[PDB]
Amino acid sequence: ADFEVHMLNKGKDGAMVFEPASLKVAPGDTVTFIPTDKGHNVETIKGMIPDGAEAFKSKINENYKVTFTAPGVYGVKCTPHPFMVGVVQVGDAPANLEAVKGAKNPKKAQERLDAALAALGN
């Protein structure tokens, strides 16, 4: 299955959001990150992807597709926008949950990450 996440200047959260900010997928599913507004990209957060996964970064304004196979959670962010974060989960029972939760990010970023994990049933 293929999923799309859009990058928007405004959400129910406030400024700068991935929509949806959380997605649970099966191994081998894909997500394409699609800027709706200009000035956004996507990249994995340092330390916040599973063993077996590779890091990634898109260019500003680029449509960017990623295939997720390694099981676990994947914290993603948008470079120019500090609060703009999201979580992709592959499978149930992710093993690197504490890598996202135990992080010490700006409050707003951390609450968005924590909310994403909780919405994923963790």
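Residue numbers here begin at 1 and follow the sequence given.
Enquirer: Using only C-alpha atoms and the B-factors in the entry, which stretch averages higher, 110 to 118 or 97 to 105?
Expert: 97 to 105 has the higher mean C-alpha B-factor.
Enquirer: If you rank every modelled residue in this chain by C-alpha B factor, which third holds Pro82: lowest, middle or highest?
Expert: As the PDB entry reports it, the C-alpha B-factor of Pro82 lands in the highest third of its chain.
Enquirer: Please place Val25 in the lowest, middle or highest third of its chain by C-alpha B factor as given in the entry.
Expert: Middle third.
Enquirer: Looking at the temperature factor on the CA atom of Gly72, which third of the chain's modelled residues does it land in?
Expert: Lowest third, going by the recorded CA B-factors of the chain.
Enquirer: Once the chain's modelled residues are ordered by C-alpha B factor and cut into thirds, is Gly39 in the lowest, middle or highest one?
Expert: It belongs to the lowest third of the chain when residues are ordered by C-alpha B-factor.
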